[PDB]
Every structure is written in structure tokens, then in C-alpha cells.
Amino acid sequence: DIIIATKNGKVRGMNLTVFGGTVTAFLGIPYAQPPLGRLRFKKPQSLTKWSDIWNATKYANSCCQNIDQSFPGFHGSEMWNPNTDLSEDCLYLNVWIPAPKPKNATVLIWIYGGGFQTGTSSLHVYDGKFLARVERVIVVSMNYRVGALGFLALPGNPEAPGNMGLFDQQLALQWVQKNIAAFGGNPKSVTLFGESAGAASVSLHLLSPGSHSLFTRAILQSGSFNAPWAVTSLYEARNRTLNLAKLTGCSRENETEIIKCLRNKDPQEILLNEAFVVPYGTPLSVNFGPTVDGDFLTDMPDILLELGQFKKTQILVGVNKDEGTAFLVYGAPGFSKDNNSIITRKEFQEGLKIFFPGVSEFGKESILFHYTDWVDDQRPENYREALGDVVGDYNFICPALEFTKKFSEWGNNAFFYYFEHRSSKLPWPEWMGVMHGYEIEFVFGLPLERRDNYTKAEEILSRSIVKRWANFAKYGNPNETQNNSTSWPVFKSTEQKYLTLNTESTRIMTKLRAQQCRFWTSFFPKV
């Protein structure tokens, strides 16, 4: 039996066996007041203590979110669906401490991605027990409000001020500050890591003064705040909150009145209107996301980033070889999960209208013009691969590289990785390649379980990546100093070096997607 005295109640956790050892898990510890009724759409509220001992022995509630019903019965899309029960009462977090209890362990806080609309910490691919046993770190992950319940914004009005899901994560960060010493953790050695919208969340903690004292280092996997989907403007958030209010018949005009209307509406009524708040939509739509609230974010994040207004520390950033394929099968002509998905120049042209709906016909031609200069025209996949590269480059790879350059320019060590290994278990067809999201399994060390149908090489790669991530969390340098490994060099603005990750040969390369990222990061913003 393991009880831990936290500053507001005793907490009892389980024991697991992992590769012939013990890891103590504490699943579902509450860190915030249930944000129900009158606390809905508000920042998370402190907690009231309990002399009751709490049984943190089961994954808690995922927060309210629509679910991916696009491929019923498909492991590829349903593995991202929530695996506990939806509820507004969902502001819990999990902890994983090694056994024997560590003395001063480094802490890894996971922040799940999605599109600020979906996600939960209880998914199998985020199971922190492997990292706790293999590397003797402490893994903490938390649930945070997503969708409108987490990011509906009426600016300045404290009844719905925006960025509630970010203050959820931030509050879970202070919990780890106040309590992780009781678990044998070092609050002065804390690394945030995250994927997709979790990665964009990690970058915004870098920019938010209230979070600066609550972590040490940052890891950003396939995402950053400067990605075109990650920050919704002050005007977009107004039209989007009014349109949601109309679509619930809550169109008051006293501002705090049209919120009290939504507080009484049903969570399911809000989830179903959410989709229809913007006219034209994309598979990368983020209808309620982070805004400039003047509290978590004091200014437009790209100004803060360009003018050096962020925590000075180490960052580890990277992307996958085919970030963009996943989004094609959710609404691009000729694209399907069961079809090798060769498309025509006209289908490629139609795909551009889908993903860049507001862009002019000039911009849609620029994209066509630049991405289409291959050599061999007698090969079918040109346009198919082209669109995946288009979407992956625009939405993830080029912003991620841009964040890393601007961050490194103020004298911080940055490390960039190019993850290019296709999962031997990947449920999606092979034409989709190394997909968005499908490096996470390797960070959490799932292939370290031999009874799991991963390659023995996938065990080696995942072991290597786990060590590189743990060395970065502990020591700020993501090297593997023992198995004759490729040295991972710093990313500097001048030469822009990055490490590739795969099972064949890990290489140092420079200037990843150099021509493409110039087109996106310099020319296209003028368009």
C-alpha cells in the first residue's frame, strides 16, 4: 500500500509490473474544481482539501469532445478517440513514479494534442509507466478542457475570457510544483513535452509569464503556436462566439447574459453546434482555440516570439516525414484509406480549394507552381504526394522549423529531429507513410514490450529515442552517449542542423525543406 500526503489530501496509488519491475501509478488525481454550471467557461478554481484519502487507481473522465466517427471499426482513427467517459468534471491528472521511490527525479509533463477540440491523457499511446521504469523519471499527464468549453472567448469578460484549457494545463503545472516532491520528484527539473496541439500548448507556456517558473525545458513534437491552425485571432473569436450563441438560441446582447445562457445549455448541445460556427471549414479547422486574452497571452504570440519575449531555456523540436497525409482522407477528392489514392492534376487543384479556402486564386496558383516542378512526369504519385507535402509543410514542418530558428536566435540550445520511421503496426495504408502522431508510441517506449508485435529494431529505436528524451529532460542535451550513437548537434539559424531518426542510419542533415519553407514562411504571408 502506497499513500502519498499531498498538500490537500492523502492519495493512494496502484502498483504495476513493467519489464520485471514495479512502477507506482496514481491515476486520476483531481487538480481543479469541477468546472460545472456557474464555473463553466471560466478559469480553473483552486481546490478544497480532503482528509479522506483518495483512491487514484483508475483513469478519470475525459473532457467533453466530439468523437471521430469517420471510420467505424478502424483502429487507425479510433485509437485517438477517448477511452474513458466524457464529462465536464474532468480536470484530473496522472502520475507515474519509479519503484523504489526516487530521491530527486526529473519530471516529464505530457500535454496531449488533437486540435484543441479532442484528446485525453488516458490513451494507451501516452502510458507513462514505461518511461518511469526504463529511465527512472516521473511522468505526469493531465486532462484539460478542449473545444468551446476550454477555449470559448469573449475578450476581457472573466465569464468566458478564452484560454481556459491553457490555464487548466498551467494549474496542473503548479500542482506538480507544489506536490511532486512528495513523490520523490524534483520540481526544479521539469520538462514539458507534447504533440500537435499539445506541442503548440508547450510553446505558448514558453511565451506565458505565469508558466515561466513552472517548468524547466520544453519538447515540441509536430506542432508550434506559429502553425497556421494554433492561434485564433481576436476577431475570429468574436464572430465564432456570437455564431455559437445564435446556433444555441442564446443571442442576447448584454455580454455576461449571452454566457449565462450557454451555461444552462447542454454540453451535448454545445458540442454539436461547435462544428458549424465558421462558414468554410477544413480538416485542420480549429474553431475554439487559443486567443490573445491579455492574461495567459499578453500579446500576439508571433510578436513575442520575434522580439525575444519568452523563457530562455533549451527546446527539443521535430516533425515526421509525412505530417500531412492523415488529413487528406478526411475530405480530399480521390483520397481514401483503402485506395492507393492516385489523383489527377484537377483533383490536386481541388484539394487546394479545400485546405486553403480563404486564399486567393493567386495563392492557390503559387502553391501549384512551386510544388509541381518534379522531373519524372511518367509516375502516378506526383500529385498525390504533392498534396501531402503541401499540407504537411504548410501546417507543421515549416512553422516548426520557423519556431526553432527564432527561438535559437536568442542564444538557446535547440535540437531538431526528423522522424522518418514507419510503424510496422501502422493501421493506415502504406502510401500515407510516416504519419502525424505516429512517433508518440516511440517516445513513450511502447516497443520496449516484446510481447507487443513490434520489430526488435523498433525496440532499439524506441529505446534510443527514450534515452535521448530523458537525457534532454535531465541534462538539457538529447544525446545518446554510450552506444556509439550519432551526435545530435545544436540547431543554429545559420546552418540549421537536425538529426534524422530511423532504424537504418541516423544522419546529420541541414536546412530541412529549405526551398519549401522559404515559399511558406516568406512569400505566402504576403499572398
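In this text, residue numbers run from 1 along the sequence as written.
Higher mean CA temperature factor between 50 to 58 and 482 to 490: 50 to 58, per the PDB entry.
Per-stretch averaging of Cα B factors for 250 to 258 and 366 to 374 places 250 to 258 on top. Listed residues 15, 515, 505, 510 were ranked by CA B-factor as deposited; 15 comes out on top.
For the set 172, 125, 90, 109, the maximum C-alpha B-factor listed in the entry falls on 90.
The entry lists a Cα temperature factor for residue 455 that places it in the middle third of the chain's modelled residues. Residue 402: CA B factor in the lowest third of modelled residues in this chain (values from the PDB entry). In this PDB entry, the Cα temperature factor of residue 37 sits in the top third of its chain's modelled residues, the highest group.
Residue-level temperature factors show residue 477 in the lowest third of its chain, judged at the C-alpha atom. Residue 114: CA B factor in the lowest third of modelled residues in this chain (values from the PDB entry).
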